[PDB]
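> With the input below, show me the fold.
(8 chains, ligands or ions: 4)
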Amino acid sequence: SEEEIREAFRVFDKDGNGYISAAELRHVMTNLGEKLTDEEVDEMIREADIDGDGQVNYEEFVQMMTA
Amino acid sequence: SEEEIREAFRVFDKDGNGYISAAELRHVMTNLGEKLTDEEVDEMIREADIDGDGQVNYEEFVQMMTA
Amino acid sequence: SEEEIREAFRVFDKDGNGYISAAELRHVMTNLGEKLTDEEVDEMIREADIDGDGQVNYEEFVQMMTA
Amino acid sequence: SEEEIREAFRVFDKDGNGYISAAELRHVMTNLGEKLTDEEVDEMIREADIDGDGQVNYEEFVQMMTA
Amino acid sequence: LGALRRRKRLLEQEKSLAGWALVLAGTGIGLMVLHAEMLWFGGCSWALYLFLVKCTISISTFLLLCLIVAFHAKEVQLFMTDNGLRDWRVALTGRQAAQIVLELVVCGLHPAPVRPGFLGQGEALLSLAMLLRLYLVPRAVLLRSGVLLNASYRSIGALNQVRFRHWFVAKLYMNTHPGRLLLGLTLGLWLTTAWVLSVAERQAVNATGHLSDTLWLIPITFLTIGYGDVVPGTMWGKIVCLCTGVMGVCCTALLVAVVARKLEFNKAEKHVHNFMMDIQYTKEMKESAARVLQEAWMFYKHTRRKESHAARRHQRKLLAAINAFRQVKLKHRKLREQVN
Amino acid sequence: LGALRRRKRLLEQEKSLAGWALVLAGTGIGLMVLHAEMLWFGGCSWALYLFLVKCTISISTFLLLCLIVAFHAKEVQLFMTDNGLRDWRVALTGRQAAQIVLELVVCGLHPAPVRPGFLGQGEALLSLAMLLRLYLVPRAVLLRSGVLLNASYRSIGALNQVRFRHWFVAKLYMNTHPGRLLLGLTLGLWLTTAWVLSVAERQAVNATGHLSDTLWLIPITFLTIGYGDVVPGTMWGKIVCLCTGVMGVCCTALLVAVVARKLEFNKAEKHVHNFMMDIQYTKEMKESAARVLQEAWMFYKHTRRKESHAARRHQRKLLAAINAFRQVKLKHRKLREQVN
Amino acid sequence: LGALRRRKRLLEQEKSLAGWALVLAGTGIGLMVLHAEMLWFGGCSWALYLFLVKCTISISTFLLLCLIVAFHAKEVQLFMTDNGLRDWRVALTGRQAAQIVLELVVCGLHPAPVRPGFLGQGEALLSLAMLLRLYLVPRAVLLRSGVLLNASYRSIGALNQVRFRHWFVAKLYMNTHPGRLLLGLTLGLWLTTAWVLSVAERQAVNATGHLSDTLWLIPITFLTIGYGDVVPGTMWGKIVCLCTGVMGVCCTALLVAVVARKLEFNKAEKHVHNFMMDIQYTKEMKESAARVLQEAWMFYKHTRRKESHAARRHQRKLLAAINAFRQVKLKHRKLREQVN
Amino acid sequence: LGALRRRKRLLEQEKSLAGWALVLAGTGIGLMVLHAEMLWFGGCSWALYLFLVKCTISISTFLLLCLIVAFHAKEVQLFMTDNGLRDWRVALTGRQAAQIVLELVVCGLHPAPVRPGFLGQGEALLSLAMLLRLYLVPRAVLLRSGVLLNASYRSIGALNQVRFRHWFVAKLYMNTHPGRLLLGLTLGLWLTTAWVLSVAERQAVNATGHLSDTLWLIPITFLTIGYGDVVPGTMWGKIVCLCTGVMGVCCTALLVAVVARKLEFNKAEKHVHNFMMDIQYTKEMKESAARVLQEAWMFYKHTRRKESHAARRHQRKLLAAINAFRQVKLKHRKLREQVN
Ligand SMILES: [K+]
Ligand SMILES: [K+]
Ligand SMILES: [K+]
Ligand SMILES: [K+]
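Residues are numbered from 1 along each chain as shown, chains lettered A, B, ... in the order given. Ligands and ions are numbered 1, 2, ... in the order given. Next up is the structure itself:
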């Protein structure tokens, strides 16, 4: 139930292919709006555990998150 | 005493050349506005009897009708 | 003390080069506005006497008239 | 602390390259607004003393004046 | 080839046949006004003159009613010739017959000579119903304008708009030259309404509502400058005063719309203004350059000769002249940008 | 597909569900006026009729309060089918609940029969609080306009980067035919405003303040033509008469804006006018030369006869004709420049 | 070639003559005002002073009646130079002589000393007939504006056949310096009209119509705010109060037309606004994406915590953020396409 | 480089000092009204409270006269940093000093406590002289809006002489969202003007000029609906009723100019409307062709039936259908020409 995930990830693009690492997405989320800590970085690691390699493959692992 | 009969027939075009059959003109006339029955289909057959083949050649047998 | 005499004569052009004959200029003058007679045609002949051939070469014999 | 000295000198250009002589700059200055005399010509000589040749090379001899 | 001249012949006939009806309709109004004003001042002593002037109106109405039929017959002939029909039975529609009978019943209302200074209600309404004959003006104006007379005009108009609307002629007259038409409309409505209001509120005590007061009351209602020293006091006089402000607001809107357009430049005026601005800019630029060089030398000499500290204003003048020169340079640059 | 028909079925259902509220909300307004004018003229002799006509208002309000909920439920169903949700808990938001409760608390305000010709305050405010039910009109007008009825239009609107709004349909109605709508508004605001002020300033014994005086005062304030013969004398009547000039200035501005656009030419009219003026320009240009040559020859003949008395005038005419020819030539060349 | 020198010297002489005529055309008006006020306040005691101030008006008129002839002689010489024919008999037209006669008879009207505080009629009209000398103002304003002072200007003027009509100069002044001119006109008409009305309605009982009342009545008529506490009571005072209402609407139309233009952006302001919108759109899009991701993860965590109420609220927030992001993306693409 | 941060710090300081002056200049205005009303209603036996409430005004004025010198010092520092200079002797010009002293003398006017319910002329003028402190509002609004805040935006705008002016911000607020601002101005000018008039015209016995009458007289003058039941009776009240109509004529022009722009389509609305009307055009064309065919067949059948009444009716219907089909074909051709 989502669309334009390509542009959504390219907005906060760090590696050029939307595969921003866990720390990349962490500082993207913390800098804009709310900020958090070790709990947030553990939560981000859990979220990126679907890929299991750091390079968040959004185009594949967005469907489960948006389902 | 008429003009643009080519476009007038191409409006209700069925065979691509304005040669819509008797049933074609029948359902064209009945669908839009007034509707009728066996009497109307017999009258349409009589009107198209000038062609004598079903494929109404309007560009030839329209002058007598419009005269 | 005049200019655009070429277009002025081309407006009332009869022979295609502004060489309208005495009768040509006569009916041009009489048709628009006032009308006249034998006196007018004699006056036109006197005016065209500068050319001496009927085909009034305005571009040459207009300077004396406009002087 | 200046810019577009090239255009500033080209506005009052006399030798084509902005190298107007002392008399040239003198009559340029006196023509518009204030007017002066032997004092002005001596002042022009003093101003051109930096160049020392009459041809006012403004491109090089403007930074000291504008400093 | 005969039809190409027959159509023009019948149209030229229609031109005069519609032009004469306007005069024969204006005559009736001219006589009704005279009779109404004669019955007031004249009194009951004048009766034969009133009877003689009340019958000419009936004669004029009878003569007018014989021209509308001829005009419509000419219209039917024109339609038959244009459409090529041979039978007049199919040329006439029900709507046209209704319009014709409505025209003939509207145009036929007159006081009539049938059967002391005050008009009865029936006569006062029948006389005021004679002003409806002004619907003949637009057709006469359109036919006299010439936009429809020529064959070439009709041929070129048939491509875009087959029927020449009155609004086109109205817009043409408005844009060719306003002012005269608007003044005529304003000064022709302050006389045909004052008389109606005086008829509505004519008092025999001290002439409390005659033309000496309505001619003052109408303009200050049309311009919404209502003072309050004189006001209508009759139900039939409170409605003529609400139909006058409606015709004033619309006139003000038209005046505003015309004035908004009337003050716009054209291409040649813009070019002349741009040329003047450019030459002024160049002159200002050269003067500013002379000023900056002169002031720079003045400040340098003041510093060189050590003329105390009075040369402080020289730096101010130098900076102001430099910034002005930069501003005028930028203005000339942008001007050359848009004009190119 | 089921959804492609369910969407249209639900929209058509809510069309009638919202159109019936517009006619069930007019009954209360039409009954409150009748009850007030019955209590005024009728007096204390009529009580059973007043009770019967007052209970019908409560019944109508009860029947009206059961349609807003149905309309909102139908809208929530559309929200679910559009966003694909399955739980009704997430469909409703706090702002929508506040809007619903505000609608249900503003619709249900009537002078219910809880318990000698004047409406005691507290009831004359509940009665006049029923005019707030007119917020239903724009919703029904927009929803019945067909912009949302068609499936193709609704599908195209998403890709057209535009959202349906009351402003869009209002602008469409203004563009299509503004002549009827403006007069309808101006003649429907001169009654619902003239009844409220009569209620505010209803005076007994003196019989001064009823509709016979209000229908004269309201129109001379909307047009800013205040005379001063009748003025409000109650604090509640001094606020209704300055809320009329505010919505009269806006109407004047709307009329001016409409007229300014209505006075402009269309595409083909400019070409028609250009051709009509160009042919006349050519005719005048060709006619000028004949007068030029005739005057030149007549001046030559007059010099030949040596009188010179008419020759001076002929020379003046020749100069005038020459300059006129130059002017018309320049004008024609300019016209050919713009047209090409 | 001395033709340019001849034209320049003739134009300069014409400028000087037109300036001096306007200078001498105001002394007469000032002396008229002074004498009219002295005869009122001074009374019959002062007679020698009245005679002395009345003879100077005749002297000034005699001195004025020669500058017009000199100016027209300069015009004739300029016409000869531009159309060299060396025959003064043919250069003068009949209508030009008629307009010269009209100018001389208009400018020569004054209350000459041919023979208690009231101006007998026939002299109070001759005095007020001296205000027609203001037709010299447009000439002295146009000819001194510098547009005619340069041959380069005249070259393009002949190229476009502008003829330098007064309308062009008026439009240039309106475009260049609006506001100051409008206040000048509106404050120079409230003093020259408040004196004419005072002359028309000057009462010797208790000064019922002197400047203490006209200065209050005129400004509330120009603005159509007619109160009705003071009103004109003389026909000659009533006609004046209708000529201050017809030019109180034209001024309003001019003000509206001027104001309508000043609210439009130029080329640079549009670019500045576009950039200021683009930066805000980009930053809000970034913030919206951040909110979307944070809310999605928080909703997932809350579902992992099994509460479902914060989860449904976060679902609502997620839907709101998603549709806001879609809307802002659509709008950003829209104005990016507009800029491109 | 620290200059970039220094400029931002200095501009933030300028904003803070420009904002604090705006709230320290409102205290004096709020206390003068309280003191005047206390002196009016309270009368005598309140001298102590009057003295305390009057000394606070002087204290506030003394505190305000120190927030202008510091602001101008910050301005001088900014000028020096931008241009580049040391040991200030140049930045302070003469015009700037005159402006500073004018500001300090305008801001320092108050009813000082030096040395029965009626204010004296000196105090009644000094108190009303405190409204001139409202020139600080545009500066604070311009500085607070952030148009001068961003360094990159200011740098890119510095390419051309934008000269950030109050007019640009006013136009931005006008086109952003009107209505709110105009309503605020109208409802804030009906109190600060109705209190000044009450001060000017205030009667000790049988008060006929207090806020119970001015709040009625002012709104019917701003809208030019002057009735005449209450009018000013003092010269100082007449001069303030002529400055209210001037601010009412300009507001109407502003409203008309706003509405004229607000009644226009955007880019996508034109396309949507064109598509909507084109669909109807096509469907009407199809239906008209079907009608033509059906009527032709019916007429042929009726002619076969040999009864020449319905035959004539059907022939007329056929002709009408044919002409309507031609008209709609021409309209669709115009549509295709204009859309392509
Ligand atoms: K008004
Ligand atoms: K008014
Ligand atoms: K009034
Ligand atoms: K009044």
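> Next, the distance between the ends of stretch E:175-184.
Using C-alpha to C-alpha, to the nearest Å, the span of stretch E:175-184 from its first residue to its last is 16 Å.
> Buried residues, it. List them.
By neighbour count on 16 or more other C-beta atoms under 10 Å in any protein chain shown, the buried set for stretch E:175-184 is residue E:178. Every residue, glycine included, has its C-beta placed from N, CA and C.
> which residues of chain A fall in helices?
For chain A, helices defined by DSSP state H occupy the ranges A:5-11, A:22-31, A:38-48, A:63-66.
> Could you verify my assumption that residue A:28 touches residue A:22?
No. Contact criterion C-beta atoms under 8 Å: residue A:28 and residue A:22 do not qualify, at 10.7 Å.
> Quick one: list the elements packing against the helix or strand hosting residue E:172.
Assigning secondary structure by DSSP states H and E places residue E:172 in helix E:166-176. In this structure, helix E:166-176 makes packing contacts with helix E:137-145, helix F:267-305, judged by 3 or more C-beta pairs under 8 Å, 6 or more residues apart in numbering or on different chains; DSSP states H and E.
> Give me the most central residue, chain A.
If you average the C-alpha coordinates of chain A and look for the closest C-alpha using C-alpha atoms, centre = their mean, you land on residue A:25, 4.9 Å from that point.
> quick one, what contacts residue E:135?
With C-beta atoms under 8 Å, 6 or more residues apart in numbering or on different chains as the criterion, the residues that contact residue E:135 are residue E:106.
> Can you give me the distance of it to chain B?
Relative to chain B, residue E:135 is positioned 35 Å away (C-beta to the nearest C-beta, to the nearest Å).
> Look up phi and psi at residue A:34.
phi -70, psi 150 (degrees, to the nearest 10).
> cool, the one 3 residues further on as well?
According to degrees, to the nearest 10, the main-chain angles of residue A:37 amount to phi -150, psi -160.
> try residue E:192
Its backbone dihedrals place residue E:192 at phi -80, psi -10, with angles given as degrees, to the nearest 10.
> number of nearby residues for the nearest residue to it once chain neighbours are set aside?
Across the structure, with C-beta to C-beta, 6 or more residues apart in numbering or on different chains as the measure, the residue nearest residue E:192 apart from its sequence neighbours is residue E:131 (7.6 Å). Residue crowding around residue E:131 was assessed by other C-beta atoms under 10 Å in any protein chain shown; the count is 11.
> Likewise for the one 3 residues further on?
By the criterion of other C-beta under 10 Å, residue E:134 has 13 neighbours.
> measure it to residue E:25 for me?
As for residue E:134, its distance to residue E:25 is 8 Å (criterion: C-beta to C-beta, to the nearest Å).
> Equivalent analysis for residue A:8, please.
As for residue A:8, its distance to residue E:25 is 78 Å (criterion: C-beta to C-beta).
> okay, those two: which has more neighbours?
Residue environment comparison for residue A:8 versus residue E:25 gives the larger neighbour count to residue E:25, 22 against 19, counting by other C-beta under 10 Å.
> Residue E:15 touches residue E:145, doesn't it?
No. If you go by C-beta under 8 Å, residue E:15 and residue E:145 don't touch, sitting 10.8 Å apart.
> Can you pull the phi and psi angles for the residue of chain A at minimum distance from chain H?
When you check chain A against chain H by C-beta to the nearest C-beta, the closest residue turns out to be residue A:32, at 19.1 Å. In terms of degrees, to the nearest 10, the main-chain angles of residue A:32 are phi -100, psi 110.
> Please name the nearest non-neighbouring residue to it.
For residue A:32, the nearest residue in space outside its immediate sequence neighbours is residue G:290; the separation is 3.6 Å by C-beta to C-beta, 6+ apart.
> what about that neighbour, how many residues close to it?
20.
> got it, and residue E:21?
Neighbours of residue E:21 under the rule other C-beta under 10 Å: 23.
> show me the contacts for the nearest residue to residue A:26 once chain neighbours are set aside.
Setting aside the residues directly before and after it, residue A:26 is nearest to residue A:44 in space (C-beta to C-beta, 6+ apart), at 4.9 Å. Taking C-beta under 8 Å, 6+ apart as the criterion, residue A:44 is in contact with A:22, A:25, A:26, A:29.
> separation between the closest residue to residue A:33 other than its chain neighbours and chain F?
In space, residue A:33 comes closest to residue G:290 once its chain neighbours are excluded; the distance is 5.4 Å by C-beta to C-beta, 6+ apart. For residue G:290, the distance to chain F (C-beta to the nearest C-beta) stands at 22 Å.
> likewise residue E:85?
For residue E:85, the distance to chain F (C-beta to the nearest C-beta) stands at 30 Å.
> which SS class is that residue?
Residue E:85 carries the three-state label coil when classified by DSSP: H, G, I helix; E, B strand; the rest coil.
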